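Asker: So that we are looking at the same thing, I have put the structure below in structure tokens.
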Amino acid sequence: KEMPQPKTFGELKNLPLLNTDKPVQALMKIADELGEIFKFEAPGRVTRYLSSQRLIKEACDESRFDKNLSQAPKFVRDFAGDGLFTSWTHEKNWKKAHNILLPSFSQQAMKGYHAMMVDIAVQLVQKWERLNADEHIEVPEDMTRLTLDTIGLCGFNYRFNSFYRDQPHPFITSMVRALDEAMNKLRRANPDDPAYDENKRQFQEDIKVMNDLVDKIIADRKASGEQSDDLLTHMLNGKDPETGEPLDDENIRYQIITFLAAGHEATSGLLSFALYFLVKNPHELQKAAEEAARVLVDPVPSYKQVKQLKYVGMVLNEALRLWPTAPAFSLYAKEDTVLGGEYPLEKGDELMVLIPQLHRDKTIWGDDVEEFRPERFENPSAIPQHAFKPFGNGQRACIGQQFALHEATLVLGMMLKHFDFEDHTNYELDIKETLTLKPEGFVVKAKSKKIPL
Ligand code: HEM
Ligand SMILES: NCCc1c[nH]c2ccc(O)cc12
Ligand SMILES: [Mg+2]
């Protein structure tokens, strides 16, 4: 076919379509209107947005397509360097670091991070137990406090002490502002305007704040010789089985900045959406709370108890199906190739997988795609290959997936064990877009079940 394309803006082509606070949500509406594929042009560039399982299962063939770094990740590369997320597959440091790090991210490795994840989860539950009668919880704010502190603790045994603050640790402040600079740089008139030189000055300082802290922690760890249960230990001790080389100190720094920058926000938004869906769906909240109570029988949850929260696991997947918090990923064609038997591609052509649309493909999931039904995930095996990709694809898939889901299942499990929730404001979903998705303004009241930690 000749591909559908959304409205244009003279020489700017489709570009001003992404000049909005909600670009992915804009793209979903365009996908609904145009179908499983549309072209998108900007000055100097072109990509094609894929929304069907039919086409995306082809895009996910690693023999034909590789990971593309799109403009946002290209700018995040300014501070995360050749860390795993912002490396190209063909860069030596990508495969090196992937080989070294994969065993530290396995489901088995979650046993060793568990105690540290509990440490922060306990701080979350204690915070809520200590709220007064007419106070409420700011959900994405508390989730992001928890996930930042959890990754800091497991990543490099550093305590950001986010539950002790209204203004985050200076590293967090600089990171979130660096992520913001990378995102705002996408929408800029003439990016070289002298009104942005402050933004530039600020970005360079934020990079410095981040490298100085992480470089110093690596330095102190090497000097102390201490062996902890964190990823920094694993990285200073590890050797690539392939090259036989260890990561160098710079690369280790970039990995740590990556884990923090890439991991915190999608995990925090997953938890937020999942609590949003349960408060809007009381029969499913009861099924999840009933499991938490039947399963988490000890003052603090064990790793094996977390693995047993099946229904919580299914809630988390259904939240990821509706609102995958890292909503898109980009590929390039390794060679000329014909997509779907219909769309000829040239070597280097880019594709964008629009994950929220994939997950609403009625031919896969049925007609009820907007409904929240954890039971869709009751059996792992019934879901067709490439139909559910909130963690992307293949060897460039999320190395943090077992970590995110262990973290999310543990904390959602404890939250449902410890409190009844009330959607006291009848909150209207408002999805804010940064690098990730979250429900902005989502607030609840919790009433303690008065169960000891
Ligand atoms: C629910 C939470 C998460 C979601 C939805 C998510 C999603 C994703 C997706 C879609 C990608 C592929 C990006 C691409 O193709 O360009 C990815 C890659 C990656 N993720 Fe996650 N992620 C999450 C949590 C985490 C956490 C907790 C960590 C680390 C602690 C993490 C670390 C990374 C890294 C390093 C990569 C790059 C992997 C590579 O290419 O070798 N993520 N993630
Ligand atoms: N681990 C995921 C880092 C991340 C944050 N936001 C995202 C948006 C798209 C994507 O492919 C990836 C991301
Ligand atoms: Mg229902």
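A note on labels: chains of the structure tokens are A, B, ... as shown, every chain counts residues from 1, and ligands are counted from 1 in their shown order.
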At a cut-off of 9 Å around ligand 2, and using only C-alpha atoms and all ligand atoms, what residues come up? Please write them as a ChimeraX atom specification.
Answerer: /A:72-73,85,258-259,261-267,325-330,353,390-392,397-401,434-437
Asker: Around ligand 3, out to 8 Å and counting only C-alpha atoms and all ligand atoms, which residues are there? I want them as number ranges by chain.
Answerer: A: 281, 283-284, 371-373
Asker: Dump C-alpha atoms for the selected residues as a tab-separated table (two decimals), in the first residue's frame?
Answerer:
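Saved file out.tsv follows:
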chain	number	residue	atom	x	y	z
A	281	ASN	CA	-11.97	-1.68	40.09
A	283	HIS	CA	-13.72	-6.50	42.70
A	284	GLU	CA	-10.16	-6.81	41.42
A	371	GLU	CA	-11.25	-2.87	30.24
A	372	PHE	CA	-9.00	-3.82	33.17
A	373	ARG	CA	-9.03	-7.64	33.49
Asker: Using only C-alpha atoms, find each residue in segment 196-303 of chain A having at least one atom no more than 9 Å away from segment 115-132 of chain A; report its shortest atom-to-atom pair and that distance in Å (one decimal), rows by chain then rising number, as a tab-separated table.
Answerer:
residue	atom	partner	partner_atom	distance
A:229	CA	A:116	CA	8.8
A:300	CA	A:118	CA	7.6
A:301	CA	A:118	CA	7.8
A:302	CA	A:115	CA	8.6
A:303	CA	A:115	CA	8.6
Asker: So, with only C-alpha atoms and all ligand atoms as the atoms that count, which of A:363, A:317, A:204, A:211 lies closest to ligand 1?
Answerer: A:317
Asker: Which residues are near segment 289-291 of chain A? Cut-off 10 Å, only C-alpha atoms, ignore same chain within fewer than 5 positions. Put them as a PDB file with C-alpha atoms, in the first residue's frame.
Answerer:
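Saved the output as result_15.pdb:
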ATOM      1  CA  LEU A 278      -7.396  -1.393  41.611  1.00  0.00           C
ATOM      2  CA  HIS A 283     -13.719  -6.501  42.698  1.00  0.00           C
ATOM      3  CA  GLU A 284     -10.156  -6.814  41.422  1.00  0.00           C
ATOM      4  CA  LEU A 296       2.134 -12.420  53.157  1.00  0.00           C
ATOM      5  CA  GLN A 308       3.672 -16.639  45.252  1.00  0.00           C
ATOM      6  CA  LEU A 309       1.631 -13.371  44.684  1.00  0.00           C
ATOM      7  CA  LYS A 310       0.310 -14.643  41.384  1.00  0.00           C
ATOM      8  CA  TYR A 311      -2.724 -12.370  41.227  1.00  0.00           C
ATOM      9  CA  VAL A 312      -0.701  -9.311  42.105  1.00  0.00           C
ATOM     10  CA  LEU A 412       1.949  -3.673  45.791  1.00  0.00           C
ATOM     11  CA  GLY A 413       1.649  -6.824  47.893  1.00  0.00           C
ATOM     12  CA  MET A 414       2.612  -4.985  51.106  1.00  0.00           C
ATOM     13  CA  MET A 415       0.426  -1.997  50.298  1.00  0.00           C
ATOM     14  CA  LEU A 416      -2.656  -4.275  49.905  1.00  0.00           C
ATOM     15  CA  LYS A 417      -1.682  -6.255  53.037  1.00  0.00           C
ATOM     16  CA  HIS A 418      -1.454  -3.152  55.193  1.00  0.00           C
ATOM     17  CA  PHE A 419      -4.202  -0.680  54.048  1.00  0.00           C
ATOM     18  CA  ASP A 420      -7.640  -0.235  52.628  1.00  0.00           C
TER      19      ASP A 420
END
Asker: Might you pull out every residue within 9 Å of residue 334 of chain A, with only C-alpha atoms counted and same-chain residues fewer than 4 positions away left off, and present them as a PyMOL selection string?
Answerer: chain A and resi 62-66+346-349
Asker: Hey, can you spit out that residue selection with C-alpha atoms as a tab-separated table (two decimals), in the first residue's frame?
Answerer:
chain	number	residue	atom	x	y	z
A	62	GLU	CA	16.33	-9.43	15.15
A	63	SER	CA	17.70	-10.79	11.86
A	64	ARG	CA	15.94	-7.96	10.03
A	65	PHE	CA	15.73	-5.08	12.54
A	66	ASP	CA	17.97	-3.75	15.30
A	346	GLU	CA	15.36	0.52	2.73
A	347	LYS	CA	18.38	-0.21	4.80
A	348	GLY	CA	18.41	2.21	7.73
A	349	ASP	CA	14.63	3.01	7.61
Asker: Identify all residues of segment 288-338 of chain A in helix (DSSP H, G or I) (DSSP on the backbone) and supply them as a list in words.
Answerer: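 Of segment 288-338 of chain A, the ones in helix (DSSP H, G or I) are residues 288, 289, 290, 291, 292, 293, 294, 295, 303, 304, 305, 306, 307, 310, 311, 312, 313, 314, 315, 316, 317, 318, 319, 320, 321 and 322 of chain A.
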Asker: May I have the residues from that selection written out with N, CA and C atoms, as a PDB file, in the first residue's frame?
Answerer:
ATOM      1  N   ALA A 288      -6.899  -9.053  44.725  1.00  0.00           N
ATOM      2  CA  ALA A 288      -5.513  -8.793  45.009  1.00  0.00           C
ATOM      3  C   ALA A 288      -5.189  -8.667  46.523  1.00  0.00           C
ATOM      4  N   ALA A 289      -6.093  -8.019  47.288  1.00  0.00           N
ATOM      5  CA  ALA A 289      -5.920  -7.836  48.732  1.00  0.00           C
ATOM      6  C   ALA A 289      -6.098  -9.180  49.424  1.00  0.00           C
ATOM      7  N   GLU A 290      -7.073  -9.953  48.956  1.00  0.00           N
ATOM      8  CA  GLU A 290      -7.281 -11.308  49.516  1.00  0.00           C
ATOM      9  C   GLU A 290      -5.995 -12.149  49.360  1.00  0.00           C
ATOM     10  N   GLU A 291      -5.391 -12.108  48.176  1.00  0.00           N
ATOM     11  CA  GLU A 291      -4.097 -12.828  47.952  1.00  0.00           C
ATOM     12  C   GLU A 291      -2.946 -12.322  48.822  1.00  0.00           C
ATOM     13  N   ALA A 292      -2.761 -11.003  48.846  1.00  0.00           N
ATOM     14  CA  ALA A 292      -1.781 -10.426  49.773  1.00  0.00           C
ATOM     15  C   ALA A 292      -1.914 -10.927  51.211  1.00  0.00           C
ATOM     16  N   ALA A 293      -3.134 -10.884  51.762  1.00  0.00           N
ATOM     17  CA  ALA A 293      -3.411 -11.381  53.126  1.00  0.00           C
ATOM     18  C   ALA A 293      -3.125 -12.902  53.325  1.00  0.00           C
ATOM     19  N   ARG A 294      -3.458 -13.714  52.327  1.00  0.00           N
ATOM     20  CA  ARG A 294      -3.373 -15.208  52.391  1.00  0.00           C
ATOM     21  C   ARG A 294      -1.907 -15.597  52.242  1.00  0.00           C
ATOM     22  N   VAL A 295      -1.191 -14.801  51.453  1.00  0.00           N
ATOM     23  CA  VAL A 295       0.203 -15.059  51.126  1.00  0.00           C
ATOM     24  C   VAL A 295       1.265 -14.436  52.032  1.00  0.00           C
ATOM     25  N   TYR A 303      11.346 -13.507  49.899  1.00  0.00           N
ATOM     26  CA  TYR A 303      11.418 -13.601  48.426  1.00  0.00           C
ATOM     27  C   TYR A 303      10.411 -14.654  47.876  1.00  0.00           C
ATOM     28  N   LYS A 304      10.404 -15.847  48.483  1.00  0.00           N
ATOM     29  CA  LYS A 304       9.490 -16.885  48.035  1.00  0.00           C
ATOM     30  C   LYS A 304       8.048 -16.484  48.182  1.00  0.00           C
ATOM     31  N   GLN A 305       7.689 -15.776  49.240  1.00  0.00           N
ATOM     32  CA  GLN A 305       6.317 -15.223  49.327  1.00  0.00           C
ATOM     33  C   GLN A 305       5.994 -14.252  48.198  1.00  0.00           C
ATOM     34  N   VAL A 306       6.991 -13.486  47.756  1.00  0.00           N
ATOM     35  CA  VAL A 306       6.679 -12.547  46.659  1.00  0.00           C
ATOM     36  C   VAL A 306       6.385 -13.324  45.382  1.00  0.00           C
ATOM     37  N   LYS A 307       7.140 -14.396  45.141  1.00  0.00           N
ATOM     38  CA  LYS A 307       6.956 -15.209  43.933  1.00  0.00           C
ATOM     39  C   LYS A 307       5.561 -15.842  43.906  1.00  0.00           C
ATOM     40  N   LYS A 310       0.748 -14.455  42.764  1.00  0.00           N
ATOM     41  CA  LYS A 310       0.310 -14.643  41.384  1.00  0.00           C
ATOM     42  C   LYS A 310      -0.645 -13.546  40.917  1.00  0.00           C
ATOM     43  N   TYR A 311      -1.741 -13.328  41.665  1.00  0.00           N
ATOM     44  CA  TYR A 311      -2.724 -12.370  41.227  1.00  0.00           C
ATOM     45  C   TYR A 311      -2.185 -10.945  41.206  1.00  0.00           C
ATOM     46  N   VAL A 312      -1.330 -10.612  42.137  1.00  0.00           N
ATOM     47  CA  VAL A 312      -0.701  -9.311  42.105  1.00  0.00           C
ATOM     48  C   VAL A 312       0.104  -9.215  40.786  1.00  0.00           C
ATOM     49  N   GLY A 313       0.864 -10.260  40.495  1.00  0.00           N
ATOM     50  CA  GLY A 313       1.632 -10.335  39.212  1.00  0.00           C
ATOM     51  C   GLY A 313       0.750 -10.079  37.964  1.00  0.00           C
ATOM     52  N   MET A 314      -0.467 -10.656  37.992  1.00  0.00           N
ATOM     53  CA  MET A 314      -1.385 -10.525  36.877  1.00  0.00           C
ATOM     54  C   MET A 314      -1.916  -9.060  36.820  1.00  0.00           C
ATOM     55  N   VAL A 315      -2.256  -8.492  37.979  1.00  0.00           N
ATOM     56  CA  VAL A 315      -2.589  -6.989  38.038  1.00  0.00           C
ATOM     57  C   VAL A 315      -1.496  -6.139  37.410  1.00  0.00           C
ATOM     58  N   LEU A 316      -0.243  -6.433  37.750  1.00  0.00           N
ATOM     59  CA  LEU A 316       0.828  -5.615  37.272  1.00  0.00           C
ATOM     60  C   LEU A 316       0.902  -5.756  35.715  1.00  0.00           C
ATOM     61  N   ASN A 317       0.775  -6.965  35.235  1.00  0.00           N
ATOM     62  CA  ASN A 317       0.763  -7.124  33.728  1.00  0.00           C
ATOM     63  C   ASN A 317      -0.377  -6.422  32.984  1.00  0.00           C
ATOM     64  N   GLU A 318      -1.569  -6.451  33.594  1.00  0.00           N
ATOM     65  CA  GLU A 318      -2.691  -5.815  33.013  1.00  0.00           C
ATOM     66  C   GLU A 318      -2.529  -4.316  33.076  1.00  0.00           C
ATOM     67  N   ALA A 319      -1.870  -3.794  34.127  1.00  0.00           N
ATOM     68  CA  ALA A 319      -1.538  -2.369  34.135  1.00  0.00           C
ATOM     69  C   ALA A 319      -0.551  -1.990  33.049  1.00  0.00           C
ATOM     70  N   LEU A 320       0.468  -2.826  32.874  1.00  0.00           N
ATOM     71  CA  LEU A 320       1.406  -2.691  31.758  1.00  0.00           C
ATOM     72  C   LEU A 320       0.731  -2.867  30.396  1.00  0.00           C
ATOM     73  N   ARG A 321      -0.366  -3.641  30.329  1.00  0.00           N
ATOM     74  CA  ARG A 321      -0.929  -3.829  28.996  1.00  0.00           C
ATOM     75  C   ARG A 321      -1.595  -2.471  28.610  1.00  0.00           C
ATOM     76  N   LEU A 322      -2.419  -1.928  29.506  1.00  0.00           N
ATOM     77  CA  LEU A 322      -3.118  -0.665  29.246  1.00  0.00           C
ATOM     78  C   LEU A 322      -2.256   0.519  29.137  1.00  0.00           C
TER      79      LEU A 322
END
Asker: Pick the closest to ligand 1 from A:13, A:145, A:406, A:234: which is it, counting only C-alpha atoms and all ligand atoms?
Answerer: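 Closest candidate: A:406.
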Asker: Using only C-alpha atoms and all ligand atoms, which of A:218, A:279, A:100, A:50 sits nearest ligand 1?
Answerer: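 Counting only C-alpha atoms and all ligand atoms, the residue closest to ligand 1 is A:100.
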Asker: Select, from A:338, A:178, A:15, A:101, the residue with the minimum atom-to-atom distance to ligand 1, counting only C-alpha atoms and all ligand atoms.
Answerer: A:101
Asker: Let me make sure I understand: among A:364, A:59, A:137, A:271, which one has the smallest atom-to-atom distance to ligand 1 if we use only C-alpha atoms and all ligand atoms?
Answerer: A:271
Asker: Between A:243, A:174, A:268, A:87, which is the closest to residue 74 of chain A once you count only C-alpha atoms?
Answerer: A:87
Asker: Could you list, as a ChimeraX atom specification, every residue within 12 Å of segment 381-385 of chain A, counting only C-alpha atoms and ignoring same-chain residues fewer than 3 positions away?
Answerer: /A:53-54,56-58,60-61,317,321,359,361,363-366,375-378,388-389,393-394
Asker: Considering only C-alpha atoms, return as a ChimeraX atom specification whatever protein or nucleic-acid residues lie within 9 Å of residue 357 of chain A, sequence-local ones (same chain, fewer than 5 positions apart) excluded.
Answerer: /A:28,31-32,36,50-52,322
Asker: Please produce a file of those selected residues containing N, CA and C atoms, as a tab-separated table (two decimals), in the first residue's frame.
Answerer:
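Now in again.tsv:
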chain	number	residue	atom	x	y	z
A	28	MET	N	-1.42	7.75	19.76
A	28	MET	CA	-2.49	6.71	19.83
A	28	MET	C	-3.79	7.11	19.08
A	31	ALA	N	-3.01	6.75	15.47
A	31	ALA	CA	-3.10	5.30	15.17
A	31	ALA	C	-4.53	4.77	15.08
A	32	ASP	N	-5.39	5.20	16.01
A	32	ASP	CA	-6.82	4.80	15.94
A	32	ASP	C	-7.50	5.22	14.65
A	36	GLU	N	-2.88	0.29	11.40
A	36	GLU	CA	-1.73	-0.38	11.96
A	36	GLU	C	-0.38	0.25	11.58
A	50	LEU	N	4.05	1.71	14.08
A	50	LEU	CA	3.42	0.42	13.94
A	50	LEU	C	2.56	0.18	15.17
A	51	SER	N	1.37	-0.33	14.94
A	51	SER	CA	0.41	-0.54	16.05
A	51	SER	C	-0.20	-1.97	16.10
A	52	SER	N	-0.12	-2.73	15.00
A	52	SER	CA	-0.67	-4.10	15.01
A	52	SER	C	0.32	-5.17	15.47
A	322	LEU	N	-2.42	-1.93	29.51
A	322	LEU	CA	-3.12	-0.67	29.25
A	322	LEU	C	-2.26	0.52	29.14
Asker: I want to know what sits within 12 Å of residue 96 of chain A, based on only C-alpha atoms, with residues of the same chain fewer than 3 positions away left out; could you give that as a PyMOL selection string?
Answerer: chain A and resi 82-84+87+89-93+99-102+235+238-248+251-252+255
Asker: Any idea what the distance is between atom 6 (C, counted along the ligand's line) of ligand 1 and atom CA of residue 403 of chain A?
Answerer: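 Between these atoms lies a distance of 10.2 Å.
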